[PDB]
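> Structure for the following, please:
(2 chains, ligands or ions: 4)
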Amino acid sequence: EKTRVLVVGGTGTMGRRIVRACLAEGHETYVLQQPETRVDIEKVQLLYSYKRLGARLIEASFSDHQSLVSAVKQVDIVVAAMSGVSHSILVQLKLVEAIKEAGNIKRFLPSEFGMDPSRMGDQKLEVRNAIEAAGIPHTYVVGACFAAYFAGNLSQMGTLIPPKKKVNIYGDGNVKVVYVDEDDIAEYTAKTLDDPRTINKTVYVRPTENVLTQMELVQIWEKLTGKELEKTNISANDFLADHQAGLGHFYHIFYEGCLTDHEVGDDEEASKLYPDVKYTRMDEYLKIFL
Amino acid sequence: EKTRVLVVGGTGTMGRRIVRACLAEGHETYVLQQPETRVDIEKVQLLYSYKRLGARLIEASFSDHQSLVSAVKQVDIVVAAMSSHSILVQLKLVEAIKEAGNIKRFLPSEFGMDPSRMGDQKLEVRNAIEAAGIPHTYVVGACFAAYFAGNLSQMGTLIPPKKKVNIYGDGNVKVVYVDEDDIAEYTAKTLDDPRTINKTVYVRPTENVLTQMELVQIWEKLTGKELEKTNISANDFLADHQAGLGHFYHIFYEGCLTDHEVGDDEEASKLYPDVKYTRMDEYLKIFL
Ligand SMILES: NC(=O)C1=CN([C@@H]2O[C@H](COP(=O)(O)OP(=O)(O)OC[C@H]3O[C@@H](n4cnc5c(N)ncnc54)[C@H](OP(=O)(O)O)[C@@H]3O)[C@@H](O)[C@H]2O)C=CC1
Ligand SMILES: NC(=O)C1=CN([C@@H]2O[C@H](COP(=O)(O)OP(=O)(O)OC[C@H]3O[C@@H](n4cnc5c(N)ncnc54)[C@H](OP(=O)(O)O)[C@@H]3O)[C@@H](O)[C@H]2O)C=CC1
Ligand SMILES: COc1cc(C[C@@H](CO)[C@H](CO)Cc2ccc(O)c(OC)c2)ccc1O
Ligand SMILES: COc1cc(C[C@@H](CO)[C@H](CO)Cc2ccc(O)c(OC)c2)ccc1O
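Numbering: from 1, shown residues only, chains lettered A, B, ... in the order given. Ligands and ions are numbered 1, 2, ... in the order given. Find the structure here:
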């Protein structure tokens, strides 16, 4: 009676949530167990902790193409969530080749969860374009910044915890960004992967109240701690260099506004499509850091 | 009404289990939040998943003395849990405890083969704790079950094999297999227990004292199949760098984890009959 899902990349940051949210939804959840890459003990107990919650384990190497055929034949829906910081993401081309040979897949949701690649501001679109080629029903989940990577640090780089003294502001901090608890991404991805309204579509994850400028997120923190931070404005060029952990990414989100420039309809916005998901406002999210 | 435990090494394999268990027991538990080595999602969240249970974080750096000092001044008992360079940063911690001296006990990092037996730098650390007047307890004696049970004492894997197996000697040496969670709960109980202050607490739960052959056969019975077994003897087992293979020797050929027994007054499973530890028959049902 269920939609059996296979979560590729089930032990990663975004992946492990999706496993969990799938199960919560009520899904016969499936995770891919890959030919071990060393003595990695976080990854192994993470893996086996899923079968206590209901999940099953499938064996597959990306080197072994028919292993991936065996994997995808046992499931109704694949969702991927592999590294993308990019030859990691392109492993998804092999997964597509196997899903195409199998043909029992009802929908395939690749690794997106963020900056729409279809615009101009990676090799994700390369992956979109293979899915559509083989004609695999799909759903693109895009449009949010990860709360752990962008809100908790007040968008500051090289760190993941609130600053205590001084905060860099890109531009005026009046570009509007979309900060979202990765837990809610997964829930949307889990509610959306079998919805009839979002098949073959792009799903935008723009919870309204978490549409915020930087300096507004910074005034959510300052109002929490009760201390004004020492703010330093940074203009475009003074931000352009010619390297550091992804700057071409920041710049488009925080200077160009590529995430909030085009508005979107209720028929394609996670919070509107799934109003029962009481997602998390950054005034609650930042609370763990006080 | 309760001691304050300050876990050190709180997001390491043993530490997170110790943090959870200190809270489970009911200690006002504190973790030591160390300046970012990196942008580490799984270190940062792990630390912040503790607060949500009741644990407090404390920022202190080992390149800073009164930092360590200030945090120890805040707790009754400190329990470190490090990874090797990593073991000898506990001296810097020993100088703060000593300089603070509000400390009632300090369980160093052990949880493995007791190094007292000759056959490390934990001894180095023991001699320091001791030469400083620190009450202590040395949790010692346990083979970690995730590192030696789920793989069935095979190397390079952490999950059962399917057909072939590798036996060390006659497979009739006894090794103390233990699931890490019981060590930690044993650790949570001992740290304020008058009866273990300034002792070495041993963790050899009777029913989990087994031999590889007895472990391979606990599984063999779980699957309903038998495993093509290959026996390796001493001389063939000694190479001329592969992941401390002196540990697998002393433990599986020399028997060092067992060649002596321990008064029940020093054995965790006797001091703590309430801990219903897990038998390797249960710990192994998860890989089925
Ligand atoms: N602000 C935002 O929106 C953010 C968006 N993203 C994107 O979200 C999506 C999720 O990615 P993310 O969680 O960050 O990735 P991670 O780096 O956290 O990797 C997590 C999982 O990806 C798989 N993985 C990594 N490397 C390999 C490899 N060589 N071969 C096979 N599998 C590999 C593994 O899954 P397994 O072991 O099961 O095979 C791994 O456990 C991506 O598209 C990513 O680019 C990334 C950063 C922030
Ligand atoms: N078979 C057995 O019985 C085994 C015994 N052991 C023993 O268990 C104890 C805990 O080790 P374990 O948890 O398994 O493995 P880990 O080495 O993975 O512990 C990791 C944690 O130790 C801290 N750490 C790592 N490097 C440093 C460093 N230079 N300086 C300060 N802290 C550091 C960090 O804590 P944080 O960042 O939170 O401050 C890190 O999160 C050890 O003493 C070990 O001897 C471990 C292996 C097997
Ligand atoms: C919005 O969507 C996406 C966002 C990203 C963000 C990546 C960019 O490489 C990294 C994290 O992996 C963000 C980061 C970089 C450096 C930092 O110092 C930093 O502080 C924590 C955070 C990748 C893909 C996306 O589709
Ligand atoms: C039981 O006593 C102890 C045991 C240990 C285990 C250490 C030895 O270096 C290593 C990791 O550090 C574990 C390991 C070794 C080889 C392997 O093939 C292996 O694969 C799972 C894992 C340390 C301290 C102890 O007191």
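> Could you use CA atoms for every contact and neighbour count after this?
Noted.
> What segments of the stretch 1-150 of chain A are strands?
Using DSSP state E, counting those that start in this stretch, the strands found in the stretch 1-150 of chain A span residues A:5-8, A:29-33, A:56-59, A:77-80, A:107-109, A:139-142, A:145-146.
> Now that we have those strands, can you turn them into CSV and tack on mean neighbour count?
Below are the strands of the stretch 1-150 of chain A laid out as CSV (neighbours: other CA atoms under 10 Å in any protein chain shown):
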stretch, mean neighbour count
strand A:5-8, 27
strand A:29-33, 26
strand A:56-59, 16
strand A:77-80, 24
strand A:107-109, 23
strand A:139-142, 25
strand A:145-146, 22
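> among those strands, which is nearest residue B:84?
Proximity to residue B:84, assessed across the strands of the stretch 1-150 of chain A by CA to CA, is greatest for strand A:29-33 (31.5 Å).
> List the buried residues in stretch A:148-167.
Along stretch A:148-167, these residues count as buried under the neighbour rule (16 or more other CA atoms under 10 Å in any protein chain shown): A:148-157, A:159-162, A:167.
> Spell out which residues make up each domain of chain A.
According to curated CATH domains, chain A comprises the domains A:1-142+A:182-204+A:263-274, A:143-181+A:205-262+A:275-290.
> Would the last one count as contacting ligand 3?
Think domain A:143-181+A:205-262+A:275-290. Yes: counting by CA under 6 Å from any ligand atom, ligand 3 has neighbours in domain A:143-181+A:205-262+A:275-290: A:144, A:145, A:149, A:157, A:158, A:159, A:160, A:245, A:246, A:249.
> Now do the buried residues in the helix or strand hosting the last one.
By that I understand residue A:249. Element membership for residue A:249, per DSSP states H and E: helix A:247-251. Buried residues in helix A:247-251, counting neighbours by 16+ other CA under 10 Å, are found at A:250, A:251.
> was I right about residue A:127 contacting residue A:94?
No: Residue A:127 sits out of contact with residue A:94 when judged by CA atoms under 8 Å, with a separation of 10.0 Å.
> Which one's more surrounded, those two?
More neighbours surround residue A:127 than the other of residue A:127 and residue A:94, with 20 against 16 (other CA atoms under 10 Å in any protein chain shown).
> what's the nearest residue to the more buried one if we skip its chain neighbours?
Setting aside the residues directly before and after it, residue A:127 is nearest to residue A:93 in space (CA to CA, 6 or more residues apart in numbering or on different chains), at 6.3 Å.
> tell me the SS of the closest residue to ligand 3 within the stretch 151-290 of chain A?
Nearest to ligand 3, among the residues of the stretch 151-290 of chain A, is residue A:157, at 3.3 Å (CA to the nearest ligand atom). The local conformation at residue A:157, judged by DSSP: H, G, I helix; E, B strand; the rest coil, is coil.
> which residues does it contact?
Applying CA atoms under 8 Å, 6 or more residues apart in numbering or on different chains to residue A:157 gives no contacts.
> quick check, stretch A:62-81 touching ligand 3?
No: figure legend: stretch A:62-81 not in contact with ligand 3 (CA under 6 Å from any ligand atom); closest approach 11.2 Å.
> outside of that stretch, which residues touch it?
If you take CA under 8 Å, 6+ apart as the criterion, stretch A:62-81 is touched by A:3-10, A:12, A:14-15, A:30, A:32, A:58-61, A:91-92, A:94-95, A:98-99, A:101-112, A:193.
> Test my guess that the residue nearest to residue A:127 contacts residue A:128.
No: using CA under 8 Å, residue A:93 is not in contact with residue A:128; the gap is 9.5 Å.
> who has more neighbours, those two?
More crowded of residue A:93 and residue A:128, by other CA under 10 Å: residue A:128, with 23 against 17.
> Pull the number of nearby residues for residue A:185.
27.
> And it, how close does it get to ligand 1?
Computed as CA to the nearest ligand atom, to the nearest Å, the residue A:185 to ligand 1 distance reads 9 Å.
> State the distance from the residue of the stretch 1-150 of chain A found nearest chain B to ligand 3.
Among the residues of the stretch 1-150 of chain A, residue A:39 lies closest to chain B, at 6.0 Å counting by CA to the nearest CA. Separation of residue A:39 from ligand 3 (CA to the nearest ligand atom): 24 Å.
> so who does that residue touch?
So, once contact is read as CA under 8 Å, 6+ apart, residue A:39 ends up touching B:156, B:157, B:158.
> Which residues of chain A lie near ligand 4?
So chain A meets ligand 4 at residue A:39 (CA under 6 Å from any ligand atom).
> residue nearest the centroid of chain A?
Chain A has residue A:113 as the residue nearest its centroid, 2.8 Å off, counting by CA atoms, centre = their mean.
> any idea what sits nearest that one, other than its immediate chain neighbours?
Per CA to CA, 6+ apart, closest to residue A:113 is residue A:142, 4.7 Å.
> right, and the one you found touches residue A:114 too?
Yes: with contact defined as CA under 8 Å, residue A:142 counts as touching residue A:114 (4.5 Å).
> what's around residue A:25, how many residues?
Neighbour number of residue A:25 under other CA under 10 Å is 12.
> cool, residue A:170 as well?
Residue A:170: 23 surrounding residues under other CA under 10 Å.
> got it, and residue A:105?
Neighbour tally, residue A:105, other CA under 10 Å: 19.
> ok, now the one 5 residues further on?
By the other CA under 10 Å criterion, the neighbourhood of residue A:110 contains 24 residues.
> give me the beta-bridge partners of the residue lying closest to it once chain neighbours are set aside?
Nearest residue to residue A:110, sequence neighbours excluded (CA to CA, 6+ apart): residue A:80, at 4.8 Å. Residue A:80 has these beta-bridge partners by DSSP bridges: residue A:8.
> all helices of chain A, in order?
A:13-25, A:41-48, A:50-53, A:65-73, A:92-102, A:124-134, A:182-192, A:214-225, A:236-239, A:247-251, A:270-273, A:282-285 (DSSP state H).
> Adding distance to ligand 2, write those out as CSV.
Output for these, formatted as CSV (distance: least, CA to the nearest ligand atom, whole Å):
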stretch, distance to ligand 2
helix A:13-25, 18
helix A:41-48, 9
helix A:50-53, 22
helix A:65-73, 32
helix A:92-102, 31
helix A:124-134, 33
helix A:182-192, 23
helix A:214-225, 25
helix A:236-239, 32
helix A:247-251, 27
helix A:270-273, 36
helix A:282-285, 22
